[PDB]
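Colleague: I'd like to ask some things about the structure below.
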Amino acid sequence: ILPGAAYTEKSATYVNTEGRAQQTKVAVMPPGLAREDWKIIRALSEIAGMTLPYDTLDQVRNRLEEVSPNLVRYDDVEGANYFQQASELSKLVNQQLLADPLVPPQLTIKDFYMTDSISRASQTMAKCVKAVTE
Amino acid sequence: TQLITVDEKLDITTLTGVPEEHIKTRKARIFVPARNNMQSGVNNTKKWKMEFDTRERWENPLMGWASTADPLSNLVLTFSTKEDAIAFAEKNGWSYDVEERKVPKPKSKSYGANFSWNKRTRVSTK
Amino acid sequence: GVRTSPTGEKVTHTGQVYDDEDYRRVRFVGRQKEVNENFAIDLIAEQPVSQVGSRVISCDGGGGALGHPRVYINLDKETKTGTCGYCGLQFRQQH
Amino acid sequence: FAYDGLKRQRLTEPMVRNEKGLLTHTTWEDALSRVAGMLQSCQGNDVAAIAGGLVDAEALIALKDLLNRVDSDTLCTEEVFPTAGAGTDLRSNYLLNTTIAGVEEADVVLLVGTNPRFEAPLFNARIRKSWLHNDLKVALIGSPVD
Amino acid sequence: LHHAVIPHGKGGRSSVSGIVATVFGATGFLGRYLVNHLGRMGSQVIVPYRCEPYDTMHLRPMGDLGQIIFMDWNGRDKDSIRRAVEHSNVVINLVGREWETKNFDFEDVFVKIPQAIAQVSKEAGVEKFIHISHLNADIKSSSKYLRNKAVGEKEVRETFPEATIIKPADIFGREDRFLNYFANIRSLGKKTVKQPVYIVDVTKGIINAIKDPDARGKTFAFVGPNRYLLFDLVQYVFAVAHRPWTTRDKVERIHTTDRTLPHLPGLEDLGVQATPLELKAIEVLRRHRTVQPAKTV
Amino acid sequence: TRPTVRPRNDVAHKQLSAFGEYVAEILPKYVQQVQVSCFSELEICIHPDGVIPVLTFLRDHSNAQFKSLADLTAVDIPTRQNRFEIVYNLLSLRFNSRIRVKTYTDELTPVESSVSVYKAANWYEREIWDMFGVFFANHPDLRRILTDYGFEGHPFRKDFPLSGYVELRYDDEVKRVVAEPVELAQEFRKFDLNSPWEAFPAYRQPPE
Amino acid sequence: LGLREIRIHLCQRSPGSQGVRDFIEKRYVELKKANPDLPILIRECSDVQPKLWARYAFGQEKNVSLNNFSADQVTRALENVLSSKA
Amino acid sequence: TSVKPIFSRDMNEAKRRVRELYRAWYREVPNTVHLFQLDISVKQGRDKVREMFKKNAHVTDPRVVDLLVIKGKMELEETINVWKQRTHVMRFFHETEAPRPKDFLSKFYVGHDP
Ligand SMILES: NC(=O)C1=CN([C@@H]2O[C@H](COP(=O)(O)OP(=O)(O)OC[C@H]3O[C@@H](n4cnc5c(N)ncnc54)[C@H](OP(=O)(O)O)[C@@H]3O)[C@@H](O)[C@H]2O)C=CC1
Ligand SMILES: [Zn+2]
């Protein structure tokens, strides 16, 4: 187990459903011996003899710009074109629709409060679930 | 003549007495502070602020107090414009990131829309 | 209403006690852990509920200006008593 | 209100399996050495990676570059997106391409296979604001959720 | 690993080093600089003291508030030893006397008290135990000091099998009894070869032995970088000090050559560069002032 | 508005406005602004090349005679490109009056020392060197006056932190007081005290 | 050992990306049909210069500037990338 | 871009003043080691002087190096006149400060600082 940082514990790039890259800021530091996540992976790469070419967060973001440059343009929605080409590629394989009806996994407010590991560890979300199940 | 021409970039880092660890490893954040959503007042969103990245706060073994080793942990600077803050950060060798001012966009308010004939914007109570 | 951990250390009214494997118990070695044994949560539970004939009661904590700011407590719930948010004295409408 | 889960059940120290098969606390040197000794013995499809729901892009490209040094492209997510056709090559076929704000510009919204009230509650709030103020027509293909 | 003993901070005075140390014999020469170097990291240091509390006053500025806990102890009282060690994760033994007293001989100070501290620390669950022997400790030694210190090393090794035993040769510093002994003797010159080690090197070696998990069960020999004959060493001391209490056991130990033990690890295996005498003899012997260096072998 | 409100002194306001006009038209080479506050204090905001000609005027002119240098002050305002605001407070005992002379500099432009006008300035601008880093040219003995001898930085700059960068303790190994990077057992707790509601509409700045 | 992914960065509006846009509007579909299991990541951004990243085996990445190219020049550079596999 | 100088019109006069300040510190180091009865050598103090001069070697602004020469002359005046004590002279030698972790991996081990 490699203890990592949570989203309040690291300056960290997350991209929402519309493509807007955004960064968190460090509010508190990680508890105990837990570390920032890419710091852990970079330390592992140095132990393994395959050391990655970044040392600071800015150098990770330079690599992140090299892989796709919209991940470091924060509070910017980059428009994505080429729906016609993706549509032409989607007409190649004729996948069959199943007869099962479209059922979302969250039907009521009961299924809302616990989705990830932070919400499942929350006593407040547990009181919300217990309050809506009664 | 009594004036010289210095075309160099303005850099005072060797004069400020700041140790090097708190120049080249700090990230200044230049931003208009967000409105406290507990309150409708907007007078705290008028000026630009420069803060730094929060460093480690740990528990004092004797009292449980929040101990820090960051000298810049309470340093918040106030600027009238974004460009003054950028010039002050570049002058001091601080690597910075700038968030743009987020103004609330103008809303279309009509009290008569509470009582429309055929629109969904009727209030069910008042 | 003080109690004792299995280490022998007294638990404060907050609920603070060091763990058995916590090194910080060494500060009490040869010395004492100062606790107050008059727990305010137990002493305000000893006060009887004041039966009043009004719908709204006022509490200032006694002593007038020596108490707390004067607040007004509604007593419409018959299931629950009306508790002062400052001093913890509780009230019940007698009807 | 989920921030109080952020101070429970927390991983605070590196853990490794002992001789009994139980997770015991250890240092960063020992844990990273025991991971890196296994990473050096892998190549190709011998090592893979699953990204969770809360992972930032820095750790994502960190572990991607690390597994690419081992010549592994098997870096997966838990949430399935179909790779048929264009896949994830074009960004447009996996984005909310209109915008969250573009809901205020729409006049007909077709929701397919989603419960946006709980999957993306403020996207649903933007749909309700467009419903209320712009007389938006919303249709749903799926179970009749509220 | 408990949450209160996780290291935090930048290693300064208000930081948490995660070291909870009980230093027996902290009121002496080595304990002074050991509590200094522990307290500047932000370690919890337990000082059991036998002496007047006045004589512990100099240990009080060495750490942050609550980071040095003073408590009474007796060498023949296992209850006080258990009272001092039961919260610590490292116990260092620095108990020593150059002379035997009416109440404590060399067997009490070097055999009985170290075995008592090591046994009580073993049965209290202390992780790390550091014991300080002497480099010239031998069963067949001519001095009672080195004989009892070899016996005590053997008993510490057999009752705490993971103890780090350290062999300093002859420690010099401002409060030593090696250069200050030679500067105030105003005994002779023989064929004795010595390599004296500096006190901050010994302290850095002890604290690196705390932090190294590979130092458990080892026996280290802390020696200086330069071996000197006794005669030109004493002449170098009288040359630096600008010059033209003892017992026969101390005379037997001054005329005992510092043995060479290449099979034991030293200061370099703990990451400590051994400081030569010529850089630090002026710092010691400046007090004795009212220079060509010594020849090495 | 009688009991709780400070009474306004219109006579002194009119007199200080007339004397500010007087100074501004005698010395137009250096005077940039002249203002009188609502509590009747006169400020002459000048160009820094006129430190010596303005202050020698106010010291020596028969209608000014500001013989006393009450105080000499810098103010750090980091949003200005000339961040330091050098403030002279002068007292005329003849006309029973006070005047404020304000000028500006950045970190690198020297201000001319006014020791040849007021010898009182000798320590004050020396303090401005120690606290703010403003160099004063042609000063007799310009050096630090208040900080410790090896002190790095200028403490009354607003980007200098409240606790410094180093702290002292006695170290018994080196037998010496030593300087180390500052660690606080309790961090200074920053209070965000400003109300988000406007307090004074008379001081409202015009928007963008 | 071989090519692992291709990354094509381009602008939506700049003229220097224009031929690169002319590569994707016309020649990307049969490229993807020719290489079905090769990830060819098209990444549009606001003001970037056009660029062709070729990641090879064991993390090796080559870098080709596609600035001010025509669609034929982008096609030739990309088929040099596909035929090299170094 | 037309600024008022402090002492130097350009960088050559500035380097002249830097060079004279270095000469004065180089002459002063043996007297400083003697009268403060320091435990360092003259070579070690001159290496510290060379380190403090090379720390500022990247500056290209004449006003900034004029202020650096002014502050170095102030430090030298505080050293020649016995205004500093032994502690202030030895603060240039960070002897009680433990060596900071330099590489990535040891900084990763000890904490969160980049
Ligand atoms: N040259 C050297 O210094 C060398 C020393 N060593 C060993 O290192 C250790 C520490 O050396 P050092 O600091 O110089 O010695 P000191 O004589 O200066 O200090 C020894 C410490 O042990 C305590 N002590 C002594 N006798 C007793 C006793 N009977 N009961 C309880 N406490 C006692 C003393 O306390 P109090 O003040 O109350 O008497 C003091 O704190 C010793 O074991 C010594 O043999 C090894 C090699 C070289
Ligand atoms: Zn009350």
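Just remember, in the structure tokens the first chain shown is A, the second B, etc., residues are 1-based per chain, and ligands are 1-based in the order shown.
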Within 6 Å of ligand 2, counting only C-alpha atoms and all ligand atoms, which protein or nucleic acid residues do you find, written as a PyMOL selection string?
Modeller: chain C and resi 59-61+84+86-87+89
Colleague: Mind listing the residues within 6 Å of ligand 1, only C-alpha atoms and all ligand atoms counted, as a ChimeraX atom specification?
Modeller: /E:25-31,50-51,75,94-97,104,109,132-134,168-171
Colleague: Could those residues be written to a file, using N, CA, C and O atoms, as a PDB file, in the first residue's frame?
Modeller:
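The new file part_35.pdb reads:
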```pdb
ATOM      1  N   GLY E  25      22.830   8.597  31.709  1.00  0.00           N
ATOM      2  CA  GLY E  25      24.109   9.272  31.698  1.00  0.00           C
ATOM      3  C   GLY E  25      24.143  10.495  30.816  1.00  0.00           C
ATOM      4  O   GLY E  25      25.182  10.800  30.230  1.00  0.00           O
ATOM      5  N   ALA E  26      23.023  11.209  30.708  1.00  0.00           N
ATOM      6  CA  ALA E  26      22.937  12.394  29.869  1.00  0.00           C
ATOM      7  C   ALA E  26      23.585  13.619  30.495  1.00  0.00           C
ATOM      8  O   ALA E  26      23.786  14.615  29.795  1.00  0.00           O
ATOM      9  N   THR E  27      23.911  13.574  31.780  1.00  0.00           N
ATOM     10  CA  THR E  27      24.494  14.709  32.477  1.00  0.00           C
ATOM     11  C   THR E  27      26.012  14.745  32.384  1.00  0.00           C
ATOM     12  O   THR E  27      26.642  15.565  33.056  1.00  0.00           O
ATOM     13  N   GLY E  28      26.610  13.890  31.569  1.00  0.00           N
ATOM     14  CA  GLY E  28      28.042  13.825  31.405  1.00  0.00           C
ATOM     15  C   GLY E  28      28.521  14.504  30.140  1.00  0.00           C
ATOM     16  O   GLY E  28      27.862  15.397  29.598  1.00  0.00           O
ATOM     17  N   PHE E  29      29.683  14.067  29.657  1.00  0.00           N
ATOM     18  CA  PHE E  29      30.311  14.693  28.499  1.00  0.00           C
ATOM     19  C   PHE E  29      29.638  14.287  27.194  1.00  0.00           C
ATOM     20  O   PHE E  29      29.344  15.142  26.353  1.00  0.00           O
ATOM     21  N   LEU E  30      29.383  12.995  27.002  1.00  0.00           N
ATOM     22  CA  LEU E  30      28.726  12.562  25.773  1.00  0.00           C
ATOM     23  C   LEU E  30      27.246  12.902  25.779  1.00  0.00           C
ATOM     24  O   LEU E  30      26.679  13.208  24.722  1.00  0.00           O
ATOM     25  N   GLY E  31      26.618  12.864  26.956  1.00  0.00           N
ATOM     26  CA  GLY E  31      25.192  13.106  27.043  1.00  0.00           C
ATOM     27  C   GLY E  31      24.813  14.531  26.743  1.00  0.00           C
ATOM     28  O   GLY E  31      23.734  14.779  26.207  1.00  0.00           O
ATOM     29  N   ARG E  50      20.722  11.275  38.220  1.00  0.00           N
ATOM     30  CA  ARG E  50      21.095  10.872  39.564  1.00  0.00           C
ATOM     31  C   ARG E  50      21.486  12.065  40.422  1.00  0.00           C
ATOM     32  O   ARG E  50      21.363  12.001  41.648  1.00  0.00           O
ATOM     33  N   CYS E  51      21.916  13.149  39.795  1.00  0.00           N
ATOM     34  CA  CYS E  51      22.606  14.242  40.453  1.00  0.00           C
ATOM     35  C   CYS E  51      21.619  15.295  40.946  1.00  0.00           C
ATOM     36  O   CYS E  51      20.402  15.096  40.946  1.00  0.00           O
ATOM     37  N   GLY E  75      20.688   3.559  39.863  1.00  0.00           N
ATOM     38  CA  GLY E  75      21.245   2.473  39.076  1.00  0.00           C
ATOM     39  C   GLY E  75      20.902   1.097  39.608  1.00  0.00           C
ATOM     40  O   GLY E  75      20.864   0.126  38.849  1.00  0.00           O
ATOM     41  N   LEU E  94      24.950   5.837  28.514  1.00  0.00           N
ATOM     42  CA  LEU E  94      26.182   6.612  28.583  1.00  0.00           C
ATOM     43  C   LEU E  94      26.711   6.655  30.009  1.00  0.00           C
ATOM     44  O   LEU E  94      27.425   7.584  30.382  1.00  0.00           O
ATOM     45  N   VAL E  95      26.354   5.669  30.820  1.00  0.00           N
ATOM     46  CA  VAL E  95      26.752   5.645  32.222  1.00  0.00           C
ATOM     47  C   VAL E  95      28.207   5.213  32.321  1.00  0.00           C
ATOM     48  O   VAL E  95      28.587   4.151  31.818  1.00  0.00           O
ATOM     49  N   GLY E  96      29.024   6.036  32.970  1.00  0.00           N
ATOM     50  CA  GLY E  96      30.435   5.734  33.090  1.00  0.00           C
ATOM     51  C   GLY E  96      31.098   6.539  34.181  1.00  0.00           C
ATOM     52  O   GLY E  96      30.641   7.620  34.553  1.00  0.00           O
ATOM     53  N   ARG E  97      32.186   5.990  34.698  1.00  0.00           N
ATOM     54  CA  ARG E  97      33.070   6.710  35.598  1.00  0.00           C
ATOM     55  C   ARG E  97      34.504   6.338  35.275  1.00  0.00           C
ATOM     56  O   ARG E  97      34.810   5.168  35.041  1.00  0.00           O
ATOM     57  N   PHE E 104      30.053   2.737  44.143  1.00  0.00           N
ATOM     58  CA  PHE E 104      29.993   2.169  42.802  1.00  0.00           C
ATOM     59  C   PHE E 104      31.401   1.846  42.336  1.00  0.00           C
ATOM     60  O   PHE E 104      32.217   2.755  42.162  1.00  0.00           O
ATOM     61  N   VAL E 109      29.168   0.092  37.629  1.00  0.00           N
ATOM     62  CA  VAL E 109      28.946   1.099  36.601  1.00  0.00           C
ATOM     63  C   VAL E 109      28.954   0.487  35.201  1.00  0.00           C
ATOM     64  O   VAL E 109      28.188   0.913  34.331  1.00  0.00           O
ATOM     65  N   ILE E 132      27.530   2.011  24.952  1.00  0.00           N
ATOM     66  CA  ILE E 132      28.839   2.578  24.668  1.00  0.00           C
ATOM     67  C   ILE E 132      29.867   1.799  25.473  1.00  0.00           C
ATOM     68  O   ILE E 132      29.919   1.903  26.703  1.00  0.00           O
ATOM     69  N   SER E 133      30.662   0.999  24.780  1.00  0.00           N
ATOM     70  CA  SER E 133      31.825   0.337  25.349  1.00  0.00           C
ATOM     71  C   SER E 133      33.050   1.222  25.111  1.00  0.00           C
ATOM     72  O   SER E 133      32.919   2.419  24.851  1.00  0.00           O
ATOM     73  N   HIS E 134      34.248   0.671  25.257  1.00  0.00           N
ATOM     74  CA  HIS E 134      35.484   1.340  24.888  1.00  0.00           C
ATOM     75  C   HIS E 134      36.167   0.481  23.841  1.00  0.00           C
ATOM     76  O   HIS E 134      35.971  -0.735  23.814  1.00  0.00           O
ATOM     77  N   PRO E 168      34.142   3.814  21.145  1.00  0.00           N
ATOM     78  CA  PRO E 168      34.975   4.994  20.919  1.00  0.00           C
ATOM     79  C   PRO E 168      36.381   4.771  21.443  1.00  0.00           C
ATOM     80  O   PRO E 168      36.604   4.040  22.409  1.00  0.00           O
ATOM     81  N   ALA E 169      37.346   5.408  20.785  1.00  0.00           N
ATOM     82  CA  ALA E 169      38.738   5.210  21.183  1.00  0.00           C
ATOM     83  C   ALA E 169      39.112   6.094  22.368  1.00  0.00           C
ATOM     84  O   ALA E 169      39.333   5.606  23.480  1.00  0.00           O
ATOM     85  N   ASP E 170      39.142   7.402  22.146  1.00  0.00           N
ATOM     86  CA  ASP E 170      39.490   8.395  23.162  1.00  0.00           C
ATOM     87  C   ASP E 170      38.840   9.686  22.703  1.00  0.00           C
ATOM     88  O   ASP E 170      39.280  10.279  21.720  1.00  0.00           O
ATOM     89  N   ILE E 171      37.796  10.111  23.384  1.00  0.00           N
ATOM     90  CA  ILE E 171      36.960  11.174  22.858  1.00  0.00           C
ATOM     91  C   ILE E 171      37.496  12.517  23.332  1.00  0.00           C
ATOM     92  O   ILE E 171      37.663  12.736  24.535  1.00  0.00           O
TER      93      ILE E 171
END
```
Colleague: Tell me, as number ranges by chain, which residues lie within 10 Å of region 51-61 of chain F, counting only C-alpha atoms; anything in the same chain fewer than 3 positions away does not count.
Modeller: F: 23, 26-27, 29-31, 44, 46-48, 64-69, 86, 88, 90-92, 99, 101-103, 111-118
Colleague: Kindly export the residues of the current selection with N, CA and C atoms, as a JSON list (two decimals), in the first residue's frame.
Modeller:
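Now in result-v3.json:
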```json
[["chain", "number", "residue", "atom", "x", "y", "z"],
["F", 23, "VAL", "N", 2.72, 77.22, -1.51],
["F", 23, "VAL", "CA", 3.86, 76.34, -1.72],
["F", 23, "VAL", "C", 3.84, 75.77, -3.14],
["F", 26, "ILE", "N", 4.97, 78.67, -5.52],
["F", 26, "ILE", "CA", 6.37, 79.06, -5.37],
["F", 26, "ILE", "C", 7.28, 77.98, -5.93],
["F", 27, "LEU", "N", 6.92, 76.72, -5.74],
["F", 27, "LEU", "CA", 7.75, 75.59, -6.17],
["F", 27, "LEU", "C", 7.04, 74.68, -7.17],
["F", 29, "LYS", "N", 8.25, 73.38, -9.79],
["F", 29, "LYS", "CA", 9.20, 72.44, -10.39],
["F", 29, "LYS", "C", 9.10, 71.06, -9.76],
["F", 30, "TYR", "N", 8.67, 70.98, -8.51],
["F", 30, "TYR", "CA", 8.68, 69.71, -7.81],
["F", 30, "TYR", "C", 7.34, 69.31, -7.23],
["F", 31, "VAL", "N", 6.45, 70.25, -6.93],
["F", 31, "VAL", "CA", 5.18, 69.94, -6.28],
["F", 31, "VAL", "C", 4.25, 69.27, -7.27],
["F", 44, "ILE", "N", 1.95, 67.98, 1.03],
["F", 44, "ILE", "CA", 2.59, 68.42, -0.20],
["F", 44, "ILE", "C", 3.28, 67.21, -0.79],
["F", 46, "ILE", "N", 5.49, 65.68, -3.54],
["F", 46, "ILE", "CA", 6.51, 66.27, -4.40],
["F", 46, "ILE", "C", 7.23, 65.19, -5.20],
["F", 47, "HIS", "N", 7.95, 65.64, -6.22],
["F", 47, "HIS", "CA", 8.88, 64.78, -6.93],
["F", 47, "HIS", "C", 10.13, 64.56, -6.08],
["F", 48, "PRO", "N", 10.73, 63.37, -6.12],
["F", 48, "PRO", "CA", 11.90, 63.10, -5.27],
["F", 48, "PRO", "C", 13.16, 63.88, -5.60],
["F", 64, "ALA", "N", 7.14, 80.32, 6.12],
["F", 64, "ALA", "CA", 7.00, 78.91, 6.47],
["F", 64, "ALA", "C", 7.67, 78.58, 7.80],
["F", 65, "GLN", "N", 8.99, 78.76, 7.89],
["F", 65, "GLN", "CA", 9.81, 78.54, 9.10],
["F", 65, "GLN", "C", 9.54, 77.20, 9.78],
["F", 66, "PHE", "N", 9.41, 76.13, 8.98],
["F", 66, "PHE", "CA", 9.24, 74.79, 9.53],
["F", 66, "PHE", "C", 10.60, 74.30, 10.02],
["F", 67, "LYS", "N", 10.98, 74.78, 11.20],
["F", 67, "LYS", "CA", 12.31, 74.53, 11.73],
["F", 67, "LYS", "C", 12.46, 73.14, 12.30],
["F", 68, "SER", "N", 11.37, 72.51, 12.73],
["F", 68, "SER", "CA", 11.46, 71.22, 13.40],
["F", 68, "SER", "C", 11.08, 70.11, 12.44],
["F", 69, "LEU", "N", 11.93, 69.09, 12.35],
["F", 69, "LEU", "CA", 11.55, 67.83, 11.72],
["F", 69, "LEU", "C", 10.99, 66.94, 12.82],
["F", 86, "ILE", "N", 7.98, 58.17, 1.08],
["F", 86, "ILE", "CA", 8.80, 58.83, 2.09],
["F", 86, "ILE", "C", 8.02, 60.02, 2.63],
["F", 88, "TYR", "N", 7.73, 63.18, 5.36],
["F", 88, "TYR", "CA", 8.36, 64.16, 6.24],
["F", 88, "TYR", "C", 7.26, 64.89, 7.00],
["F", 90, "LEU", "N", 6.75, 68.04, 9.42],
["F", 90, "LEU", "CA", 7.48, 69.24, 9.80],
["F", 90, "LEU", "C", 6.61, 70.09, 10.71],
["F", 91, "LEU", "N", 7.27, 70.75, 11.65],
["F", 91, "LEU", "CA", 6.65, 71.63, 12.63],
["F", 91, "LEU", "C", 7.24, 73.03, 12.50],
["F", 92, "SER", "N", 6.37, 74.01, 12.27],
["F", 92, "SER", "CA", 6.70, 75.42, 12.38],
["F", 92, "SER", "C", 6.24, 75.90, 13.74],
["F", 99, "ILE", "N", 3.15, 70.51, 8.65],
["F", 99, "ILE", "CA", 3.01, 70.21, 7.23],
["F", 99, "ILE", "C", 3.58, 68.81, 7.00],
["F", 101, "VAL", "N", 5.27, 66.47, 3.94],
["F", 101, "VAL", "CA", 5.89, 66.45, 2.63],
["F", 101, "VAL", "C", 6.09, 65.00, 2.23],
["F", 102, "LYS", "N", 5.49, 64.59, 1.13],
["F", 102, "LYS", "CA", 5.49, 63.20, 0.74],
["F", 102, "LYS", "C", 6.18, 63.06, -0.61],
["F", 103, "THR", "N", 7.03, 62.05, -0.72],
["F", 103, "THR", "CA", 7.62, 61.71, -2.00],
["F", 103, "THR", "C", 7.68, 60.19, -2.11],
["F", 111, "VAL", "N", 17.17, 58.27, -2.70],
["F", 111, "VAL", "CA", 16.60, 59.55, -2.31],
["F", 111, "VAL", "C", 17.74, 60.39, -1.76],
["F", 112, "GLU", "N", 17.74, 61.68, -2.05],
["F", 112, "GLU", "CA", 18.77, 62.54, -1.49],
["F", 112, "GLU", "C", 18.54, 62.72, 0.01],
["F", 113, "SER", "N", 19.59, 62.49, 0.80],
["F", 113, "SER", "CA", 19.51, 62.65, 2.24],
["F", 113, "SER", "C", 19.29, 64.11, 2.61],
["F", 114, "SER", "N", 18.46, 64.33, 3.62],
["F", 114, "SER", "CA", 18.10, 65.67, 4.07],
["F", 114, "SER", "C", 18.79, 66.04, 5.37],
["F", 115, "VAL", "N", 19.98, 65.48, 5.61],
["F", 115, "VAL", "CA", 20.75, 65.84, 6.80],
["F", 115, "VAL", "C", 21.29, 67.26, 6.70],
["F", 116, "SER", "N", 21.49, 67.76, 5.49],
["F", 116, "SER", "CA", 21.93, 69.14, 5.32],
["F", 116, "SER", "C", 20.81, 70.14, 5.59],
["F", 117, "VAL", "N", 19.56, 69.69, 5.64],
["F", 117, "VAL", "CA", 18.44, 70.56, 5.96],
["F", 117, "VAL", "C", 18.11, 70.38, 7.44],
["F", 118, "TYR", "N", 17.80, 69.15, 7.83],
["F", 118, "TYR", "CA", 17.52, 68.81, 9.22],
["F", 118, "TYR", "C", 18.50, 67.73, 9.64]]
```
Colleague: If you count only C-alpha atoms, which residues fall within 7 Å of residue 94 (chain B), apart from same-chain ones fewer than 3 positions away, as a ChimeraX atom specification?
Modeller: /B:23-24,26-28,89-90
Colleague: Nearest residue to chain A out of G:77, G:6, G:82, G:57, using only C-alpha atoms?
Modeller: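 Nearest to chain A: G:6.
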Colleague: Of the residues F:178, F:108, F:168, F:184, which is the one nearest to residue 7 (chain H), using only C-alpha atoms?
Modeller: F:108
Colleague: Check region 132-174 of chain E with DSSP on the backbone and list each residue it calls alpha helix (DSSP H), as an mmCIF file with N, CA and C atoms, in the first residue's frame.
Modeller:
```cif
data_model
loop_
_atom_site.group_PDB
_atom_site.id
_atom_site.type_symbol
_atom_site.label_atom_id
_atom_site.label_comp_id
_atom_site.auth_asym_id
_atom_site.auth_seq_id
_atom_site.Cartn_x
_atom_site.Cartn_y
_atom_site.Cartn_z
ATOM 1 N N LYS E 144 41.186 -2.350 35.237
ATOM 2 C CA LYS E 144 39.903 -2.866 35.700
ATOM 3 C C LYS E 144 38.742 -2.253 34.924
ATOM 4 N N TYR E 145 38.918 -1.004 34.477
ATOM 5 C CA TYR E 145 37.984 -0.299 33.602
ATOM 6 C C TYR E 145 37.659 -1.118 32.362
ATOM 7 N N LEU E 146 38.695 -1.481 31.606
ATOM 8 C CA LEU E 146 38.493 -2.138 30.322
ATOM 9 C C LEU E 146 38.034 -3.579 30.494
ATOM 10 N N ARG E 147 38.450 -4.242 31.577
ATOM 11 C CA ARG E 147 37.965 -5.590 31.865
ATOM 12 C C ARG E 147 36.473 -5.591 32.158
ATOM 13 N N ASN E 148 36.032 -4.717 33.071
ATOM 14 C CA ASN E 148 34.610 -4.654 33.381
ATOM 15 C C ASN E 148 33.797 -4.111 32.216
ATOM 16 N N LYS E 149 34.391 -3.282 31.369
ATOM 17 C CA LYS E 149 33.632 -2.787 30.235
ATOM 18 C C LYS E 149 33.503 -3.838 29.137
ATOM 19 N N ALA E 150 34.485 -4.735 29.005
ATOM 20 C CA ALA E 150 34.330 -5.874 28.105
ATOM 21 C C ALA E 150 33.292 -6.863 28.626
ATOM 22 N N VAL E 151 33.286 -7.109 29.942
ATOM 23 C CA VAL E 151 32.274 -7.982 30.544
ATOM 24 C C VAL E 151 30.876 -7.392 30.370
ATOM 25 N N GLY E 152 30.751 -6.076 30.542
ATOM 26 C CA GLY E 152 29.464 -5.431 30.367
ATOM 27 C C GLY E 152 29.002 -5.388 28.928
ATOM 28 N N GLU E 153 29.937 -5.237 27.986
ATOM 29 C CA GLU E 153 29.618 -5.386 26.569
ATOM 30 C C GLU E 153 29.072 -6.773 26.261
ATOM 31 N N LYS E 154 29.714 -7.813 26.806
ATOM 32 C CA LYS E 154 29.247 -9.181 26.595
ATOM 33 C C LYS E 154 27.854 -9.398 27.175
ATOM 34 N N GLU E 155 27.595 -8.851 28.366
ATOM 35 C CA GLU E 155 26.290 -9.060 28.983
ATOM 36 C C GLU E 155 25.195 -8.253 28.291
ATOM 37 N N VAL E 156 25.513 -7.039 27.827
ATOM 38 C CA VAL E 156 24.560 -6.249 27.045
ATOM 39 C C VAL E 156 24.232 -6.946 25.731
ATOM 40 N N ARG E 157 25.246 -7.524 25.077
ATOM 41 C CA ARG E 157 25.016 -8.250 23.832
ATOM 42 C C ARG E 157 24.169 -9.496 24.058
ATOM 43 N N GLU E 158 24.353 -10.180 25.186
ATOM 44 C CA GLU E 158 23.586 -11.401 25.386
ATOM 45 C C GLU E 158 22.197 -11.168 25.971
ATOM 46 N N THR E 159 21.926 -10.022 26.607
ATOM 47 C CA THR E 159 20.569 -9.789 27.096
ATOM 48 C C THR E 159 19.745 -8.879 26.193
#
```
Colleague: Going by DSSP on the backbone, which bits of chain D are strand (DSSP E or B)? Write them as a list in words, please.
Modeller: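 Restricting chain D to strand (DSSP E or B) produces residues 15, 16, 17, 23, 24, 25, 49, 50, 51, 75, 76, 77, 108, 109, 110, 111, 112, 137, 138, 139, 140 and 141 of chain D.
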Colleague: Can you tell me how far CA of residue 104 (chain A) sits from CA of residue 123 (chain D), in Å to one decimal?
Modeller: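 Pair CA of residue 104 (chain A) / CA of residue 123 (chain D) returns 16.1 Å.
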Colleague: Write out as a count of residues only each polymer residue whose atoms come within 12 Å of residue 86 (chain D), counting only C-alpha atoms; drop sequence neighbours fewer than 5 positions from it.
Modeller: 31
Colleague: Taking only C-alpha atoms into account, report as a PyMOL selection string which residues of chain E lie within 9 Å of chain F.
Modeller: chain E and resi 9-10+12-15+32-33+36-37+40+58-59+61-62+64-65+174+200
